[PDB]
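Here's the letter readout for the chains.
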Amino acid sequence: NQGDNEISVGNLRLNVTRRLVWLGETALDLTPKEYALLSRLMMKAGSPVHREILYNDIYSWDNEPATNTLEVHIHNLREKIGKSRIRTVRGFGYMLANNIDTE
């Protein structure tokens, strides 16, 4: 917050100051919206993050989306973040590998 703020988890680096995220030392291209919900995923890297808090990241007014689209948008963004370096925990939340690769 002091004009600087960034965090990393394994081979993934995040920078809220510039609002950019790297993956495998390569700059990953994700829409700004994903950076908000994603910023929450890393905020709690080690446990399953509720899916409602992510939706609350950009807005928690919850209108009345009866048609499927909010969960599908995540499926579209899912391929952008590369599920490879991510780990989903059942249909309840998401969790990043807390450097589980290095034993």
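Structure first, text after, so check above.
Caption draft 1: Just the sheet that holds strand β5 (residues 49–50), in detail. Taken together, the three strands give an open sheet; going across it, the order is β5-β7-β6, and neighbouring strands pair in antiparallel fashion. Here the strands that pair on one side only, and so sit at the sheet edges, are β5 and β6 (86–89). As judged from the two bridges shared by β5 and strand β7 (residues 93–96), these two strands associate in the antiparallel manner. In the sheet register, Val-49 faces β7, and the bridge partner there is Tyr-94.

Caption draft 2: Representation of the pairing of β6 in the model. The pairing of β6 with β7 spans four bridges and is antiparallel. Looking at the pairing, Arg-87 lines up with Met-95 of β7. The hairpin turn running from β6 into β7, its antiparallel successor, is three residues long, and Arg-90 in that turn takes a positive phi close to 50°.

Caption draft 3: Inspection of the nonpolar core at higher detail. Core analysis: the largest hydrophobic core is formed by 20 residues, its most contacted members being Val-21, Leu-38, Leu-41, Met-42 and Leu-96. Take this core: its biggest share by element is six residues, from helix α1 (residues 32–43). Sequence-distant contacts of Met-42, that is, excluding residues within four places in its chain, are made with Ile-7, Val-9, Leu-12, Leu-14, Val-21 and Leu-96.

Caption draft 4: Summary view of the pattern of salt bridges. Under the defined criterion, the tally for this structure stands at two salt bridges. Note that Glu-71 and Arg-51 form a salt bridge whose closest N and O atoms lie 3.8 Å from each other. Of the two residues, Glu-71 is situated in helix α3 (residues 70–81) and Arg-51 in helix α2 (residues 51–58); the sequence distance between them amounts to 20 residues. Owing to a relative accessible area of 33%, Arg-51 belongs among the partly exposed residues under this scheme. Between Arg-78 and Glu-79 there is a salt bridge, with its nearest N and O atoms 3.9 Å apart. For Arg-78, a relative accessible area of 27% puts it in the partly exposed group.

Caption draft 5: Representation of the sheet that holds strand β3 (residues 20–23) within the structure. Read from one edge of the open sheet, four strands run β1-β2-β3-β4, paired in antiparallel fashion. The sheet is open, and its two borders are formed by β1 (6–9) and β4 (26–27), each paired with just one other strand. Pairing analysis gives two bridges linking β3 to β4, with the strands arranged antiparallel. For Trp-22, the partnering residue across the bridge sits in β4 and is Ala-27. Contacts from α1 reach β1, β2 (12–15) and β3, with the element oriented near 120° to β2.

Conventions we followed
Residues numbered from 1 in each chain as written, not as in the entry; some residues may be left out. Heavy atoms only, no water. Pairing = 2+ DSSP bridges. Helix = DSSP H or I, 4+ residues; strand = E, 2+ residues; numbered from the N terminus. Core = buried A, V, L, I, M, F, W, Y, C linked by side-chain atoms within 4.5 Å. Buried < 20%, exposed > 50% of the residue type's maximum accessible area, 1.4 Å probe, protein only. Contact = heavy atoms within 4.5 Å. Salt bridge = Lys/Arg side-chain N within 4 Å of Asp/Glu carboxyl O. Axes fitted to C-alpha atoms, helices over the stretch in contact; angles between N-to-C directions.

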